[PDB]
Amino acid sequence: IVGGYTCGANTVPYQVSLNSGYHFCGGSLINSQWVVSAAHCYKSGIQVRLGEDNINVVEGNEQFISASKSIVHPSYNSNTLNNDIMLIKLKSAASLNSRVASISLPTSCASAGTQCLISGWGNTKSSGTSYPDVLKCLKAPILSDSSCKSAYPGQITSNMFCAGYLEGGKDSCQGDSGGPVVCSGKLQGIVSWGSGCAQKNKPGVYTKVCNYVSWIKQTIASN
Amino acid sequence: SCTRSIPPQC
Ligand SMILES: [Ca+2]
């Protein structure tokens, strides 16, 4: 996250870190046994880390649980990033409490101007590399489809939305992928892609979760 | 444009 602030330990209880010997993507806990993340974060050997703040030090409240299976959307296209969403089933149920809780799925899509919270352990510099130890937060509004399509002509499908600031300086970045975009207490987006980070006229692009609620529920129900 | 994972996919 570029241009954000320190969230505060466990203030984003649904935030998870996907780890394979190092942090590589974020994700959101949607119930005691399932995490939602981005399809491009897929890999074997994923350990899900819940209740994290400083990802480099064990401080208490952490729960490390192995992924039992990862389900990438059948129509995910790596070339266009359309349908960039993945479900991860945990090997055992997480213990839910004040420091580890799930986030609700949306019943309706959000509209332009809606304020949301994006969080993650990604790069904090628009130019260069600097990974934080603690979870960073950023409040950002959802942009209109017309502004989104103007920024990325021919690259925005109906399953994506832009969020952020056209003036630059505030954005999600490498390492934030798969993480949550929460608005009004509902998970509306998943950190997916963008051109650089915090660049002027190049807002972040996110997977539009409200288009997948049915798929998520049916998939979870049969697994 | 790149995905925001580690490492990024462009
Ligand atoms: Ca820790």
# chains A, B, ... in the order shown; residues from 1 in each chain; ligands from 1
$ interface_residues --of "chain A" --to "chain B" --cutoff "9 Å" --atoms "only C-alpha atoms" --output "ChimeraX atom specification"
/A:23-26,40-41,81,122,172-178,191-197
$ write_last_selection --atoms "C-alpha atoms" --output "tab-separated table (two decimals), in the first residue's frame"
chain	number	residue	atom	x	y	z
A	23	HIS	CA	4.35	-13.23	2.14
A	24	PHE	CA	3.20	-13.12	-1.50
A	25	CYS	CA	-0.52	-12.19	-1.54
A	26	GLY	CA	-3.35	-11.21	0.76
A	40	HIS	CA	-3.30	-14.98	-10.07
A	41	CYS	CA	-2.08	-15.66	-6.54
A	81	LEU	CA	-7.20	-11.03	-15.72
A	122	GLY	CA	2.51	-4.75	-0.24
A	172	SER	CA	-2.48	-0.67	-3.53
A	173	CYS	CA	0.77	-2.18	-4.94
A	174	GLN	CA	2.84	-5.40	-5.34
A	175	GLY	CA	2.22	-7.74	-2.44
A	176	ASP	CA	-1.32	-6.42	-1.88
A	177	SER	CA	-2.87	-8.67	-4.56
A	178	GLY	CA	-5.71	-10.89	-3.33
A	191	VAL	CA	-6.82	-6.38	-5.25
A	192	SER	CA	-5.97	-7.40	-8.81
A	193	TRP	CA	-3.86	-5.18	-11.09
A	194	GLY	CA	-2.81	-1.72	-12.19
A	195	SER	CA	-0.19	0.14	-14.20
A	196	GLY	CA	2.65	0.71	-11.76
A	197	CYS	CA	1.56	1.97	-8.33
$ residues_near_ligand --ligand "ligand 1" --cutoff "8 Å" --atoms "only C-alpha atoms and all ligand atoms" --output "number ranges by chain"
A: 51-62
$ residues_around --residues "region 131-142 of chain A" --least-positions-apart "2" --cutoff "8 Å" --atoms "only C-alpha atoms" --output "MDAnalysis selection string"
chainID A and resid 1 3:9 53:56 110:124 129 144 161:165 170:171
$ write_last_selection --atoms "N, CA, C and O atoms" --output "tab-separated table (two decimals), in the first residue's frame"
chain	number	residue	atom	x	y	z
A	1	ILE	N	0.85	-1.22	0.00
A	1	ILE	CA	0.00	0.00	0.00
A	1	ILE	C	0.88	1.25	0.00
A	1	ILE	O	1.70	1.42	0.90
A	3	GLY	N	1.11	5.35	0.28
A	3	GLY	CA	0.39	6.52	0.78
A	3	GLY	C	-0.70	6.21	1.78
A	3	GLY	O	-1.63	7.00	1.94
A	4	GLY	N	-0.59	5.07	2.45
A	4	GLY	CA	-1.59	4.70	3.43
A	4	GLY	C	-1.08	4.95	4.84
A	4	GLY	O	-0.17	5.76	5.02
A	5	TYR	N	-1.65	4.27	5.82
A	5	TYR	CA	-1.25	4.43	7.22
A	5	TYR	C	-1.24	3.08	7.94
A	5	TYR	O	-1.81	2.10	7.45
A	6	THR	N	-0.60	3.02	9.10
A	6	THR	CA	-0.55	1.80	9.88
A	6	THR	C	-1.94	1.51	10.43
A	6	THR	O	-2.49	2.28	11.20
A	7	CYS	N	-2.52	0.38	10.04
A	7	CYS	CA	-3.87	0.03	10.49
A	7	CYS	C	-4.06	-0.07	11.99
A	7	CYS	O	-5.06	0.40	12.53
A	8	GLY	N	-3.10	-0.69	12.67
A	8	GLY	CA	-3.22	-0.93	14.11
A	8	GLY	C	-3.40	-2.45	14.24
A	8	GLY	O	-4.18	-3.04	13.48
A	9	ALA	N	-2.70	-3.09	15.17
A	9	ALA	CA	-2.80	-4.54	15.31
A	9	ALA	C	-4.21	-5.11	15.41
A	9	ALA	O	-5.00	-4.73	16.28
A	53	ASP	N	-0.19	-9.14	12.25
A	53	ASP	CA	0.04	-7.69	12.16
A	53	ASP	C	1.46	-7.55	11.61
A	53	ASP	O	1.65	-7.14	10.46
A	54	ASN	N	2.47	-7.89	12.41
A	54	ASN	CA	3.87	-7.84	11.96
A	54	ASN	C	4.10	-9.22	11.36
A	54	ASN	O	4.14	-10.20	12.10
A	55	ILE	N	4.26	-9.34	10.04
A	55	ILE	CA	4.43	-10.67	9.45
A	55	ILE	C	5.79	-11.30	9.63
A	55	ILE	O	6.00	-12.45	9.24
A	56	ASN	N	6.72	-10.56	10.24
A	56	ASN	CA	8.06	-11.11	10.44
A	56	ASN	C	8.33	-11.57	11.86
A	56	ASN	O	9.37	-12.18	12.11
A	110	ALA	N	-21.55	-1.98	-5.18
A	110	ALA	CA	-21.39	-0.65	-4.64
A	110	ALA	C	-21.43	0.34	-5.78
A	110	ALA	O	-21.24	-0.02	-6.93
A	111	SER	N	-21.72	1.60	-5.48
A	111	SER	CA	-21.76	2.60	-6.54
A	111	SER	C	-20.54	3.52	-6.47
A	111	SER	O	-19.83	3.57	-5.46
A	112	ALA	N	-20.30	4.24	-7.57
A	112	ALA	CA	-19.18	5.18	-7.64
A	112	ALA	C	-19.26	6.14	-6.45
A	112	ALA	O	-20.35	6.46	-5.96
A	113	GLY	N	-18.10	6.59	-5.97
A	113	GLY	CA	-18.07	7.49	-4.84
A	113	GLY	C	-18.10	6.79	-3.48
A	113	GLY	O	-17.79	7.40	-2.46
A	114	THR	N	-18.46	5.51	-3.46
A	114	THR	CA	-18.49	4.79	-2.18
A	114	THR	C	-17.08	4.70	-1.60
A	114	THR	O	-16.14	4.34	-2.30
A	115	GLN	N	-16.94	5.01	-0.32
A	115	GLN	CA	-15.64	4.98	0.35
A	115	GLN	C	-15.31	3.56	0.83
A	115	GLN	O	-16.15	2.92	1.46
A	116	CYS	N	-14.11	3.07	0.56
A	116	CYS	CA	-13.75	1.70	0.98
A	116	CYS	C	-12.39	1.65	1.67
A	116	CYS	O	-11.60	2.59	1.55
A	117	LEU	N	-12.13	0.53	2.35
A	117	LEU	CA	-10.86	0.33	3.03
A	117	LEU	C	-10.14	-0.81	2.33
A	117	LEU	O	-10.69	-1.89	2.15
A	118	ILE	N	-8.90	-0.53	1.93
A	118	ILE	CA	-8.03	-1.50	1.26
A	118	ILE	C	-6.86	-1.68	2.22
A	118	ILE	O	-6.38	-0.69	2.79
A	119	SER	N	-6.39	-2.91	2.40
A	119	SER	CA	-5.30	-3.17	3.34
A	119	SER	C	-4.36	-4.24	2.80
A	119	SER	O	-4.72	-5.02	1.93
A	120	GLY	N	-3.13	-4.25	3.31
A	120	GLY	CA	-2.17	-5.24	2.85
A	120	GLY	C	-0.74	-4.95	3.28
A	120	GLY	O	-0.45	-3.91	3.87
A	121	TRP	N	0.14	-5.89	2.95
A	121	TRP	CA	1.55	-5.81	3.28
A	121	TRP	C	2.40	-5.55	2.03
A	121	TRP	O	3.59	-5.86	2.00
A	122	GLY	N	1.79	-5.00	0.99
A	122	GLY	CA	2.51	-4.75	-0.24
A	122	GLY	C	3.47	-3.57	-0.15
A	122	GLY	O	3.58	-2.90	0.88
A	123	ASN	N	4.17	-3.34	-1.25
A	123	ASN	CA	5.15	-2.27	-1.38
A	123	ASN	C	4.53	-0.94	-0.97
A	123	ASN	O	3.36	-0.67	-1.30
A	124	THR	N	5.28	-0.13	-0.24
A	124	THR	CA	4.76	1.17	0.20
A	124	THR	C	5.36	2.34	-0.61
A	124	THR	O	5.12	3.51	-0.28
A	129	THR	N	11.47	-0.21	-3.91
A	129	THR	CA	10.90	-1.31	-3.14
A	129	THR	C	11.10	-1.19	-1.63
A	129	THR	O	12.22	-1.10	-1.14
A	144	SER	N	-16.02	6.03	-11.18
A	144	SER	CA	-17.09	5.79	-12.13
A	144	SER	C	-16.54	4.89	-13.22
A	144	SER	O	-15.34	4.91	-13.51
A	161	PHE	N	-13.52	-3.10	-11.40
A	161	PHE	CA	-13.86	-1.72	-11.14
A	161	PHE	C	-12.56	-1.06	-10.72
A	161	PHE	O	-11.60	-1.73	-10.32
A	162	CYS	N	-12.50	0.25	-10.85
A	162	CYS	CA	-11.31	0.98	-10.46
A	162	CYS	C	-11.62	1.64	-9.13
A	162	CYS	O	-12.77	1.97	-8.84
A	163	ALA	N	-10.59	1.85	-8.32
A	163	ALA	CA	-10.78	2.54	-7.06
A	163	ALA	C	-9.48	3.26	-6.80
A	163	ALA	O	-8.40	2.76	-7.16
A	164	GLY	N	-9.56	4.45	-6.20
A	164	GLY	CA	-8.32	5.15	-5.92
A	164	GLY	C	-8.38	6.64	-6.18
A	164	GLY	O	-9.44	7.25	-6.11
A	165	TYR	N	-7.23	7.20	-6.52
A	165	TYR	CA	-7.08	8.63	-6.75
A	165	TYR	C	-6.36	8.94	-8.04
A	165	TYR	O	-5.21	8.54	-8.23
A	170	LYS	N	-1.56	7.52	-3.79
A	170	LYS	CA	-2.25	6.58	-2.90
A	170	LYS	C	-2.78	5.42	-3.73
A	170	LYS	O	-3.60	5.62	-4.62
A	171	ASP	N	-2.35	4.20	-3.42
A	171	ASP	CA	-2.78	3.05	-4.23
A	171	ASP	C	-2.39	1.73	-3.56
A	171	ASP	O	-1.63	1.74	-2.59
$ atom_distance --atom1 "CA of residue 222 (chain A)" --atom2 "CA of residue 109 (chain A)"
24.8 Å
$ atom_distance --atom1 "CA of residue 90 (chain A)" --atom2 "CA of residue 68 (chain A)"
5.2 Å
$ select_by_dssp --residues "region 69-151 of chain A" --states "alpha helix (DSSP H)" --output "MDAnalysis selection string"
chainID A and resid 145:151
